[PDB]
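Spelled out from the first residue to the last, the chains are:
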Amino acid sequence: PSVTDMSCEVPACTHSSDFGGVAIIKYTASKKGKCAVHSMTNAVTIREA
Amino acid sequence: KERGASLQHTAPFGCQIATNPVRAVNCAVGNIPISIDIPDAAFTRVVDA
């Protein structure tokens, strides 16, 4: 499922050692299925495959 | 016969007196520093807000 309408934002980031940023993103896909997510620079890290 | 100015009736800043024991209440001057320590249980993340 390809996606459109990429609207990401960050309500509260805190540069801690735990998951100190919960980024909220609204989108619009094409259909139903799995979707992988990935960070392309090494400044940040994600906990969800 | 000449007690005159009672401190109940002549108190500056509108304080009142009360006896046994002596105590002056409501001396409206100055300002109170007050601190509070509180854990994260009563708060909640913006992901619930």
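Naming follows the PDB entry, where chain B appears as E1 glycoprotein of Chikungunya virus. The title assigned to this entry in its PDB record is "Electron Cryo-Microscopy Of Chikungunya VLP".

Chain A is annotated in the PDB entry as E1 glycoprotein of Chikungunya virus.

Peer 1: Give me the lowdown on the overall build of chain B, citing residues and values where you can.
Peer 2: Along its length, chain B carries zero helices and two strands. By principal-axis analysis of the C-alpha atoms, chain B measures approximately 75 × 20 × 15 Å. Surface exposure of chain B reaches about 4,900 Å², of which carbon and sulfur atoms provide 59%. Taking the average location of the 4 positive side-chain charges in chain B and that of its 4 negative ones, the two points are 23 Å from each other.

Peer 1: Let's hear about the layout of surface pockets: which residues, and what values?
Peer 2: All names here are of chain A. A volume near 1,200 Å³ is recorded for the largest pocket. As for the largest pocket, its lining consists of 35 residues, of which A23, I25, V37, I46 and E48 are closest to the centre. Put simply, the parts of the chain that give the lining of the largest pocket at least two residues each are β1 (3-13) and β2 (21-29). Broken down by element, the residue count for the lining of the largest pocket peaks at six residues, all from β2. Considered class by class, the residues forming the lining of the largest pocket number 19 nonpolar, 11 polar and five charged.

Reading guide: rules and limits
- In this document, every chain is numbered from 1 following its sequence as written, which may not correspond to the numbering used in the entry; residues for which no coordinates exist are not shown.
- Numbering of ligands from 1 and lettering of chains from A proceed in the order in which they are written.
- Scope of values: limited to the chains shown, which are part of a larger assembly.
- Side-chain numbers come from the whole structure's heavy atoms, not from hydrogens or water.
- Helix and strand definitions here come from DSSP, where helices need a minimum of 4 consecutive H or I residues and strands a minimum of 2 consecutive E residues; each element is numbered from the N-terminal end.
- Each accessible area is a Shrake-Rupley estimate made with a 1.4 Å probe; only the visible protein chains count as cover when residues are assessed.
- For this count, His and the chain ends are skipped, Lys and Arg are scored as positive, and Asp and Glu as negative.
- Charge coordinates come from a single atom per side chain, which is NZ of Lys, CZ of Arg, CG of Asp or CD of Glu.
- Here a cavity denotes grid points, spaced 1 Å and computed from the protein atoms alone, that fit a 1.4 Å probe unable to get out, and a pocket denotes an open set having protein on both sides within 12 Å along at least 5 of 7 lines; residues with an atom within 4 Å of a point are the lining.
- Grid points are joined across faces, edges and corners, and a volume is the space filled by probe spheres set on the points.
- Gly is put with the polar residues, along with every residue not named as nonpolar or charged; the nonpolar set is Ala, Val, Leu, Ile, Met, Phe, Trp, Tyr, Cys and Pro, and the charged set is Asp, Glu, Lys and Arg.

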